[PDB]
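Asks: Once you've had a glance at the structure underneath, I'll fire off some questions.
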Amino acid sequence: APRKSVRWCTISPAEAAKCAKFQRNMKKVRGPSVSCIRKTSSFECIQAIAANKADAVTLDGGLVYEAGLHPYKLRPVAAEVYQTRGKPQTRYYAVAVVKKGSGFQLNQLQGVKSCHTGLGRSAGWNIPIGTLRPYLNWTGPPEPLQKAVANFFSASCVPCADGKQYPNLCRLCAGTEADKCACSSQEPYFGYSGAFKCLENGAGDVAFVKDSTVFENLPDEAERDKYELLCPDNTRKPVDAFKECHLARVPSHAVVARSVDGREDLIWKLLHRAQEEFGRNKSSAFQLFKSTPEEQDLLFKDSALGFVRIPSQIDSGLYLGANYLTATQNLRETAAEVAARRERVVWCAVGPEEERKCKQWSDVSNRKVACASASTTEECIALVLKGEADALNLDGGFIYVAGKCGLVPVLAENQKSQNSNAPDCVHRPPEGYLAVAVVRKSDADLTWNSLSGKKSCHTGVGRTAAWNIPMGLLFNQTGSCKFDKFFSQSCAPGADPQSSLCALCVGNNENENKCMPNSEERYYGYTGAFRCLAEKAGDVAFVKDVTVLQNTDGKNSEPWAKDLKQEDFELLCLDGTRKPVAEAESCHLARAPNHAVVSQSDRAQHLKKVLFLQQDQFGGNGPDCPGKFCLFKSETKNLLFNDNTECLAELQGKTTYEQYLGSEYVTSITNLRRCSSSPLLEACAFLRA
Ligand SMILES: Oc1cc2cc[nH]c2cc1O
Ligand SMILES: Oc1cc2cc[nH]c2cc1O
Ligand SMILES: [Fe+3]
Ligand SMILES: [Fe+3]
């Protein structure tokens with residue numbers, strides 16, 4: 001029945017004492033118990049935590065990063081919330097603070113004395129350094145980064161630095177004998193405030209700190225006017241201009257925990273009670289976000305408003321974002337490794353069969369294109385958000401998820417439409433495809449209004465033609481979220497493997513990976529969902545009109561297809577009727593947006609460039625198409641892009657998922673969400689909040 005205490009790791013005596021005050025006040029309020037373990041630096045608590053010696057520790061974005069690394073695999077449980085000078089936020093601006101009348105600019109630090117929060121921290125190291133990489137005249141990784149800084153700065157206090165090999169990096173540190181350059185509050189120059197005192201006490205000329213630091217230490221506006229900030233556009237602006245004069249915007253510190261059996265609910269229950277009982281002016285007996293004047297930021301970040309629970313999918317990589325990761329990862333990569341990655345385009349292939357095609361597209365492009373892969377479409381968007389992939393072609397349904405995660409549509413799939421197939425394609429207003437309900441002519445008893453308890457074949461959950469358009473329509477007539485109960489049994493890859501929704505699925509050839517939302521499931525996609533119907537595993541397949549058309553009348557020679565005839569098939573019209581597959585225009589459930597390519601708004605223009613080339617070489621009219629590679633072809637398996645794709649067209653203005661998908665469909669997708677929501681969609685609500 002009972003549940004124990006959260007073991008909090010501490011890094012310095014002053015920190016232990018505060019913890020003790022926290023353990024004392026937790027039990028006196030009869031709330032969750034804590035315990036205090038004692039290590040000497042945050043990296044050690046990372047170690048101490050992964051080794052099940054400790055359970056929690058607040059880390060700076062930069063250490064979150066290090067802690068998420070392999071051997072440790074820790075994850076951010078809760079994010080501290082801060083000032084903002086406005087609305088509270090879980091982010092903050094890194095600044096470089098200097099005294100007025102020092103004359104230099106951001107591009108002149110060569111030979112200046114500098115004070116840092118600590119080795120490896122967002123604002124005190126990772127961020128300033130990566131900004132000065134160009135002036136470091138640094139070989140790259142083989143040569144220790146600390147050697148570059150130790151030569152560039154005349155003497156600095158970067159705590160945690162190897163002051164025995166790099167004395168110049170610890171020289172300015174004020175500390176007793178072995179306390180000097182200590183990686184805890186032992187060295188007075190440690191942390192936001194220590195780096196500030198190192199400046200104001202005249203040991204250093206530039207302070208790499210947080211936006212609040214100057215305000216936390218100089219409460220009187222007159223004091224602050226003796227100070228300024230160096231802006232990356234090589235000018236100086238008042239300390240109050242951080243929104244304008246900053247090196248970068250990092251994510252807030254956060255409490256980390258183990259990935260497996262980390263006791264997340266325990267920690268969270270602790271901190272929640274702690275904000276409620278000792279948060280901002282809740283108490284006087286003990287204040288969570290307050291410290292002793294000697295050493296600041298003990299345990300948490302002083303004067304933080306509280307914490308926010310970090311959703312479960314989120315790992316450090318997703319926590320930090322593309323931007324922060326690229327830069328940290330960029331201080332561990334070669335100048336040539338960096339510029340290579342910025343020029344190529346990493347595509348996220350969903351599953352085995354797409355990764356191979358991608359591999360062919362990689363080779364044939366002479367590596368202007370490279371690949372990354374995942375088992376599901378959500379995992380790929382995660383890759384795109386982490387910054388490990390640049391794009392992927394998505395269905396109207398997942399444009400929504402991507403779009404909710406801050407991703408933008410670059411170019412849209414334009415099927416071999418009908419007007420005048422000349423250079424119209426890339427400028428042809430995309431026109432969409434009609435999703436339909438398809439059943440065999442035979443079962444003539446079947447009508448739209450008799451689908452209840454019948455078997456169903458679905459392209460997949462989350463997707464338009466299938467899931468969203470029919471489930472959205474039925475949910476309007478039945479008023480229920482029990483989606484797995486309308487159809488007796490179904491195959492809809494991506495569902496719960498144990499539900500009726502996954503019953504008719506089939507998996508790959510040796511029957512493995514049943515219901516997996518990818519090509520490994522033979523019944524996955526428009527192709528598979530139609531097959532599901534042909535091979536008589538289901539009674540109604542929700543697909544677009546064209547799907548029946550491209551797999552009947554010997555067009556597809558894959559065994560199950562071969563003998564199929566478009567006459568054997570009919571569509572289920574919303575008004576009870578049934579028309580031949582040729583009547584979709586007057587008998588469809590809806591008109592959906594074409595799939596479209598998506599990327600960060602960052603790479604969309606580069607992404608667009610490489611794509612026009614790639615598609616002119618291997619597109620619908622690519623010289624080397626039949627020849628060596630056909631981007632828009634895959635033997636009916638619709639890999640990477642649909643097989644009837646003529647080219648990738650312009651968005652005609654529709655630059656946001658909202659404009660592209662259109663109002664209705666977006667509202668239709670939100671209505672369905674009242675029932676089910678998705679882990680990515682949630683994680684993205686936190687991340688983009
Ligand atoms: O979460 C905390 C953990 C440790 C690590 C030691 N001091 C700490 C700071 C914290 O607030
Ligand atoms: O129907 C499609 C076909 C393939 C196969 C796995 N990748 C794809 C996803 C879809 O959008
Ligand atoms: Fe920080
Ligand atoms: Fe579709």
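By order of appearance in the structure tokens: chains A, B, ..., then residues from 1 within every chain, and ligands from 1 in the order shown.
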Which residues form the shell of 10 Å around ligand 1 when you count only C-alpha atoms and all ligand atoms, given as an NGL selection string?

Replies: :A and (7-16 or 18-19 or 36-46 or 49 or 54-60 or 78 or 80 or 184-185 or 253-257 or 267 or 271 or 288-289 or 297-302)

Asks: Please dump the current selection as an mmCIF file, in the first residue's frame; keep C-alpha atoms.

Replies:
data_model
loop_
_atom_site.group_PDB
_atom_site.id
_atom_site.type_symbol
_atom_site.label_atom_id
_atom_site.label_comp_id
_atom_site.auth_asym_id
_atom_site.auth_seq_id
_atom_site.Cartn_x
_atom_site.Cartn_y
_atom_site.Cartn_z
ATOM 1 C CA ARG A 7 15.897 10.940 -2.443
ATOM 2 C CA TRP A 8 17.076 14.330 -3.458
ATOM 3 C CA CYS A 9 20.707 14.637 -4.467
ATOM 4 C CA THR A 10 22.535 17.743 -3.227
ATOM 5 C CA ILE A 11 25.901 19.194 -4.415
ATOM 6 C CA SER A 12 27.362 21.324 -1.608
ATOM 7 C CA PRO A 13 27.036 21.761 2.191
ATOM 8 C CA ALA A 14 24.972 24.917 1.870
ATOM 9 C CA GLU A 15 22.704 22.870 -0.360
ATOM 10 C CA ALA A 16 22.405 20.004 2.121
ATOM 11 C CA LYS A 18 18.637 23.916 2.755
ATOM 12 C CA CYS A 19 17.466 20.402 1.834
ATOM 13 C CA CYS A 36 19.025 14.083 1.145
ATOM 14 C CA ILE A 37 21.929 12.368 -0.492
ATOM 15 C CA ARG A 38 25.235 14.172 -0.749
ATOM 16 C CA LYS A 39 27.340 14.369 -3.906
ATOM 17 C CA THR A 40 29.787 17.177 -5.028
ATOM 18 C CA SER A 41 28.469 18.319 -8.423
ATOM 19 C CA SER A 42 25.428 18.073 -10.594
ATOM 20 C CA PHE A 43 27.150 15.584 -12.959
ATOM 21 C CA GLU A 44 27.625 13.351 -9.977
ATOM 22 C CA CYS A 45 23.969 13.485 -9.080
ATOM 23 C CA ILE A 46 23.342 12.533 -12.714
ATOM 24 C CA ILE A 49 20.692 9.152 -9.923
ATOM 25 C CA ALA A 54 19.418 9.204 -5.708
ATOM 26 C CA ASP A 55 16.059 9.953 -7.418
ATOM 27 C CA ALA A 56 15.904 13.656 -8.392
ATOM 28 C CA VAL A 57 17.803 16.823 -9.281
ATOM 29 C CA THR A 58 17.069 20.119 -11.061
ATOM 30 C CA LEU A 59 19.422 20.641 -13.939
ATOM 31 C CA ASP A 60 20.101 23.439 -16.348
ATOM 32 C CA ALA A 78 9.048 18.947 -14.220
ATOM 33 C CA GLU A 80 10.625 25.374 -13.354
ATOM 34 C CA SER A 184 29.223 23.585 -6.406
ATOM 35 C CA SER A 185 28.353 26.693 -4.443
ATOM 36 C CA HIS A 253 15.991 24.149 -15.857
ATOM 37 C CA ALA A 254 14.002 21.087 -14.965
ATOM 38 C CA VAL A 255 13.914 18.269 -12.414
ATOM 39 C CA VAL A 256 15.255 15.074 -13.984
ATOM 40 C CA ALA A 257 14.599 11.437 -13.018
ATOM 41 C CA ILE A 267 8.610 13.352 -7.225
ATOM 42 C CA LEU A 271 7.050 19.244 -5.696
ATOM 43 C CA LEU A 288 11.173 26.679 -1.405
ATOM 44 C CA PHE A 289 12.408 29.282 -3.851
ATOM 45 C CA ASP A 297 20.138 29.118 -6.328
ATOM 46 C CA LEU A 298 20.364 26.307 -3.796
ATOM 47 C CA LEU A 299 18.188 23.429 -4.700
ATOM 48 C CA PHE A 300 15.866 25.355 -7.036
ATOM 49 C CA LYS A 301 16.170 28.549 -9.039
ATOM 50 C CA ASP A 302 15.412 31.351 -6.607
#

Asks: List every residue of stretch 159-247 of chain A that DSSP, applied to the backbone, labels as helix (DSSP H, G or I), and write the result as a list in words.

Replies: residues 167, 168, 169, 191, 192, 193, 194, 195, 196, 197, 198, 199, 200, 213, 214, 215, 216, 217, 221, 222, 223, 224, 239, 240 and 241 of chain A

Asks: Find the residues near ligand 4. Use a cut-off of 6 Å, count only C-alpha atoms and all ligand atoms, and write them as a list in words.

Replies: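 Result of the 6 Å neighbour search around ligand 4: residues 395, 464 and 465 of chain A.
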
Asks: Which residues sit within 9 Å of ligand 2, counting only C-alpha atoms and all ligand atoms, listed as number ranges by chain?

Replies: A: 349-354, 375-377, 393-395, 459-460, 463, 517-521, 524-528, 595, 636-642

Asks: Between A:23, A:291, A:181, A:192, which is the closest to ligand 3 once you count only C-alpha atoms and all ligand atoms?

Replies: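 Of the candidates, the smallest distance to ligand 3 is held by A:192.
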
Asks: What lies within 10 Å of residue A:167 using only C-alpha atoms, ignoring chain neighbours under 5 positions off, as a tab-separated table (two decimals) with C-alpha atoms, in the first residue's frame?

Replies:
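Generated file (out19.tsv):
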chain	number	residue	atom	x	y	z
A	150	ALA	CA	41.62	28.80	-22.34
A	155	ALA	CA	41.76	34.21	-17.57
A	156	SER	CA	38.27	33.16	-16.59
A	157	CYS	CA	36.23	31.45	-13.95
A	161	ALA	CA	36.82	23.41	-15.51
A	162	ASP	CA	40.02	21.38	-15.42
A	172	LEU	CA	39.70	34.22	-11.76
A	181	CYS	CA	36.84	26.47	-9.35

Asks: If the limit is 10 Å from any atom of ligand 3, counting only C-alpha atoms and all ligand atoms, which residues qualify? Return them as a PyMOL selection string.

Replies: chain A and resi 59-63+91-94+117-118+120-125+191-192+209-210+250-254+301

Asks: Can those selected residues be exported to a file as a short mmCIF file (atom, residue, chain, number, x, y, z; two decimals), in the first residue's frame so that it contains N, CA, C and O atoms?

Replies:
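Result file is again-v5.cif:
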data_model
loop_
_atom_site.label_atom_id
_atom_site.label_comp_id
_atom_site.auth_asym_id
_atom_site.auth_seq_id
_atom_site.Cartn_x
_atom_site.Cartn_y
_atom_site.Cartn_z
N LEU A 59 18.25 20.44 -13.11
CA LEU A 59 19.42 20.64 -13.94
C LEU A 59 19.18 21.77 -14.90
O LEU A 59 18.05 22.16 -15.12
N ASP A 60 20.23 22.40 -15.37
CA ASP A 60 20.10 23.44 -16.35
C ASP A 60 19.90 22.75 -17.71
O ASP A 60 20.53 21.71 -17.96
N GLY A 61 19.16 23.39 -18.62
CA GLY A 61 18.94 22.80 -19.93
C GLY A 61 20.12 22.04 -20.49
O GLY A 61 20.00 20.92 -20.96
N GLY A 62 21.31 22.63 -20.37
CA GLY A 62 22.52 22.01 -20.87
C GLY A 62 22.89 20.70 -20.23
O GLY A 62 23.49 19.86 -20.89
N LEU A 63 22.62 20.55 -18.94
CA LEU A 63 22.94 19.30 -18.26
C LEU A 63 21.81 18.29 -18.48
O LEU A 63 22.02 17.08 -18.34
N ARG A 91 11.00 29.12 -20.25
CA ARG A 91 12.15 29.44 -21.11
C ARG A 91 12.82 30.66 -20.52
O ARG A 91 12.29 31.32 -19.62
N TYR A 92 13.98 30.98 -21.02
CA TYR A 92 14.62 32.22 -20.61
C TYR A 92 15.81 32.52 -21.52
O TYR A 92 16.37 31.61 -22.16
N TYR A 93 16.10 33.79 -21.51
CA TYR A 93 17.09 34.42 -22.38
C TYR A 93 18.51 34.44 -21.79
O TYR A 93 18.68 34.78 -20.62
N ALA A 94 19.52 34.05 -22.56
CA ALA A 94 20.89 34.10 -22.08
C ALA A 94 21.45 35.46 -22.50
O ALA A 94 21.20 35.92 -23.62
N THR A 117 28.88 30.86 -15.48
CA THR A 117 28.04 30.18 -14.51
C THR A 117 28.62 28.84 -14.12
O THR A 117 28.56 28.42 -12.96
N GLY A 118 29.17 28.15 -15.10
CA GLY A 118 29.76 26.86 -14.83
C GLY A 118 30.00 26.20 -16.14
O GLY A 118 29.41 26.59 -17.15
N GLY A 120 29.55 23.84 -19.07
CA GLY A 120 28.43 23.08 -19.58
C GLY A 120 27.03 23.65 -19.44
O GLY A 120 26.08 23.08 -19.97
N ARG A 121 26.87 24.78 -18.78
CA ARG A 121 25.53 25.33 -18.63
C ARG A 121 25.08 26.16 -19.84
O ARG A 121 25.90 26.71 -20.54
N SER A 122 23.77 26.22 -20.09
CA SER A 122 23.20 26.93 -21.22
C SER A 122 23.81 28.29 -21.43
O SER A 122 24.57 28.50 -22.36
N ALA A 123 23.50 29.19 -20.51
CA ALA A 123 23.97 30.56 -20.59
C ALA A 123 25.42 30.83 -20.21
O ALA A 123 26.05 31.70 -20.79
N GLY A 124 25.95 30.05 -19.27
CA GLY A 124 27.32 30.26 -18.84
C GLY A 124 28.39 29.62 -19.68
O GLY A 124 29.57 29.94 -19.51
N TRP A 125 28.01 28.72 -20.57
CA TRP A 125 28.97 28.06 -21.43
C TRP A 125 28.46 27.73 -22.83
O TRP A 125 28.80 28.42 -23.78
N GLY A 191 27.51 29.76 -10.62
CA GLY A 191 26.12 30.03 -10.87
C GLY A 191 25.91 31.46 -11.34
O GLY A 191 26.86 32.24 -11.42
N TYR A 192 24.67 31.74 -11.63
CA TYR A 192 24.24 33.04 -12.15
C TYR A 192 24.76 34.21 -11.34
O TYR A 192 25.25 35.20 -11.89
N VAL A 209 25.46 35.22 -18.19
CA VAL A 209 24.37 34.89 -17.27
C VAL A 209 22.96 35.01 -17.87
O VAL A 209 22.80 35.30 -19.05
N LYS A 210 21.96 34.81 -17.00
CA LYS A 210 20.52 34.87 -17.26
C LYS A 210 20.05 36.32 -17.31
O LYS A 210 20.67 37.20 -16.74
N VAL A 250 16.96 29.74 -24.15
CA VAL A 250 17.02 28.33 -23.81
C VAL A 250 15.82 27.84 -23.03
O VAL A 250 14.95 28.62 -22.65
N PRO A 251 15.75 26.54 -22.80
CA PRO A 251 14.60 26.07 -22.04
C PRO A 251 15.01 26.15 -20.56
O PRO A 251 16.16 25.97 -20.22
N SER A 252 14.02 26.32 -19.70
CA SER A 252 14.23 26.45 -18.29
C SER A 252 14.88 25.21 -17.73
O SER A 252 15.00 24.21 -18.42
N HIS A 253 15.38 25.31 -16.49
CA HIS A 253 15.99 24.15 -15.86
C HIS A 253 14.80 23.26 -15.58
O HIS A 253 13.66 23.73 -15.56
N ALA A 254 15.07 22.03 -15.22
CA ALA A 254 14.00 21.09 -14.96
C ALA A 254 14.50 19.96 -14.06
O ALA A 254 15.71 19.68 -14.03
N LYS A 301 15.79 27.22 -8.59
CA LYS A 301 16.17 28.55 -9.04
C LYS A 301 15.35 29.55 -8.25
O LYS A 301 14.12 29.62 -8.38
#

Asks: Between A:574, A:457, A:434, A:504, which residue has the minimum interatomic distance to residue A:542, considering only C-alpha atoms?

Replies: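 Checking each candidate against residue A:542, we get A:457 as the closest.
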
Asks: Between atom CA of residue A:379 and atom CA of residue A:462, what is the distance in Å, rounded to a tenth?

Replies: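 That distance, rounded to one decimal, is 13.8 Å.
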
Asks: A:559, A:470, A:429, A:31: which is nearest residue A:594, counting only C-alpha atoms?

Replies: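 Checking each of A:559, A:470, A:429, A:31 against residue A:594, counting only C-alpha atoms, the winner is A:429.
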
Asks: DSSP on the backbone: which residues in stretch 18-223 of chain A end up as strand (DSSP E)? Give the answer as a PDB file with C-alpha atoms, in the first residue's frame.

Replies:
ATOM      1  CA  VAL A  34      12.179  13.611   1.046  1.00  0.00           C
ATOM      2  CA  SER A  35      15.698  12.464   1.919  1.00  0.00           C
ATOM      3  CA  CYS A  36      19.025  14.083   1.145  1.00  0.00           C
ATOM      4  CA  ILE A  37      21.929  12.368  -0.492  1.00  0.00           C
ATOM      5  CA  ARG A  38      25.235  14.172  -0.749  1.00  0.00           C
ATOM      6  CA  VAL A  57      17.803  16.823  -9.281  1.00  0.00           C
ATOM      7  CA  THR A  58      17.069  20.119 -11.061  1.00  0.00           C
ATOM      8  CA  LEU A  59      19.422  20.641 -13.939  1.00  0.00           C
ATOM      9  CA  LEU A  74      17.588  10.498 -17.426  1.00  0.00           C
ATOM     10  CA  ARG A  75      14.417  12.405 -18.341  1.00  0.00           C
ATOM     11  CA  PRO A  76      12.892  15.836 -17.365  1.00  0.00           C
ATOM     12  CA  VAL A  77       9.966  15.373 -15.065  1.00  0.00           C
ATOM     13  CA  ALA A  78       9.048  18.947 -14.220  1.00  0.00           C
ATOM     14  CA  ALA A  79      10.076  22.348 -15.578  1.00  0.00           C
ATOM     15  CA  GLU A  80      10.625  25.374 -13.354  1.00  0.00           C
ATOM     16  CA  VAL A  81       8.574  28.432 -14.312  1.00  0.00           C
ATOM     17  CA  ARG A  91      12.146  29.439 -21.112  1.00  0.00           C
ATOM     18  CA  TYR A  92      14.625  32.221 -20.608  1.00  0.00           C
ATOM     19  CA  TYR A  93      17.092  34.420 -22.383  1.00  0.00           C
ATOM     20  CA  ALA A  94      20.891  34.098 -22.081  1.00  0.00           C
ATOM     21  CA  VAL A  95      22.748  37.423 -21.923  1.00  0.00           C
ATOM     22  CA  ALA A  96      26.303  38.706 -21.743  1.00  0.00           C
ATOM     23  CA  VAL A  97      26.626  41.361 -19.111  1.00  0.00           C
ATOM     24  CA  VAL A  98      29.277  44.065 -18.984  1.00  0.00           C
ATOM     25  CA  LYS A  99      30.183  47.301 -17.265  1.00  0.00           C
ATOM     26  CA  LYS A 113      38.673  38.205 -18.742  1.00  0.00           C
ATOM     27  CA  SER A 114      35.410  36.306 -18.479  1.00  0.00           C
ATOM     28  CA  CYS A 115      33.143  34.870 -15.758  1.00  0.00           C
ATOM     29  CA  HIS A 116      30.903  31.846 -16.373  1.00  0.00           C
ATOM     30  CA  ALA A 155      41.763  34.215 -17.572  1.00  0.00           C
ATOM     31  CA  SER A 156      38.273  33.162 -16.590  1.00  0.00           C
ATOM     32  CA  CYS A 157      36.233  31.451 -13.952  1.00  0.00           C
ATOM     33  CA  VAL A 206      32.022  40.002 -19.213  1.00  0.00           C
ATOM     34  CA  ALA A 207      29.451  37.843 -17.434  1.00  0.00           C
ATOM     35  CA  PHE A 208      27.668  35.092 -19.154  1.00  0.00           C
ATOM     36  CA  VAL A 209      24.375  34.886 -17.273  1.00  0.00           C
ATOM     37  CA  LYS A 210      20.524  34.866 -17.263  1.00  0.00           C
TER      38      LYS A 210
END

Asks: For residue A:431, please output as a ChimeraX atom specification all residues within 9 Å (counting only C-alpha atoms; exclusion window: fewer than 2 positions along the same chain).

Replies: /A:414-415,417,428-429,433,591-594

Asks: Keeping N, CA, C and O atoms, export the residues of the selection given above as a JSON list (two decimals), in the first residue's frame.

Replies:
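File result19.json, as written:
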[["chain", "number", "residue", "atom", "x", "y", "z"],
["A", 414, "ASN", "N", 0.63, 16.89, -55.76],
["A", 414, "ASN", "CA", -0.37, 17.15, -56.80],
["A", 414, "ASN", "C", -0.41, 15.89, -57.70],
["A", 414, "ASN", "O", 0.56, 15.57, -58.42],
["A", 415, "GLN", "N", -1.47, 15.10, -57.54],
["A", 415, "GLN", "CA", -1.66, 13.87, -58.31],
["A", 415, "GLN", "C", -1.80, 14.23, -59.77],
["A", 415, "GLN", "O", -2.12, 15.36, -60.07],
["A", 417, "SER", "N", -3.42, 15.14, -62.07],
["A", 417, "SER", "CA", -4.71, 15.76, -62.29],
["A", 417, "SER", "C", -5.03, 15.87, -63.77],
["A", 417, "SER", "O", -4.21, 15.54, -64.64],
["A", 428, "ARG", "N", -0.26, 24.39, -60.33],
["A", 428, "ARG", "CA", -1.67, 24.03, -60.42],
["A", 428, "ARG", "C", -2.23, 24.09, -59.03],
["A", 428, "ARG", "O", -1.62, 23.60, -58.08],
["A", 429, "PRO", "N", -3.36, 24.77, -58.86],
["A", 429, "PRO", "CA", -3.94, 24.85, -57.53],
["A", 429, "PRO", "C", -4.22, 23.42, -57.13],
["A", 429, "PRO", "O", -4.79, 22.66, -57.93],
["A", 433, "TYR", "N", -8.48, 15.05, -52.99],
["A", 433, "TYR", "CA", -9.01, 13.76, -53.42],
["A", 433, "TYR", "C", -10.23, 13.45, -52.61],
["A", 433, "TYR", "O", -10.34, 13.91, -51.48],
["A", 591, "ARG", "N", -14.17, 15.72, -49.41],
["A", 591, "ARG", "CA", -13.05, 16.13, -50.24],
["A", 591, "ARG", "C", -11.96, 16.61, -49.31],
["A", 591, "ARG", "O", -12.09, 17.68, -48.68],
["A", 592, "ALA", "N", -10.88, 15.83, -49.25],
["A", 592, "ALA", "CA", -9.74, 16.07, -48.36],
["A", 592, "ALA", "C", -8.47, 16.75, -48.91],
["A", 592, "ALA", "O", -8.27, 16.77, -50.09],
["A", 593, "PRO", "N", -7.61, 17.32, -48.04],
["A", 593, "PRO", "CA", -6.39, 17.96, -48.54],
["A", 593, "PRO", "C", -5.38, 16.91, -48.95],
["A", 593, "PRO", "O", -5.24, 15.87, -48.30],
["A", 594, "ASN", "N", -4.63, 17.20, -50.01],
["A", 594, "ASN", "CA", -3.60, 16.29, -50.49],
["A", 594, "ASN", "C", -2.54, 16.22, -49.42],
["A", 594, "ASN", "O", -2.36, 17.16, -48.65]]
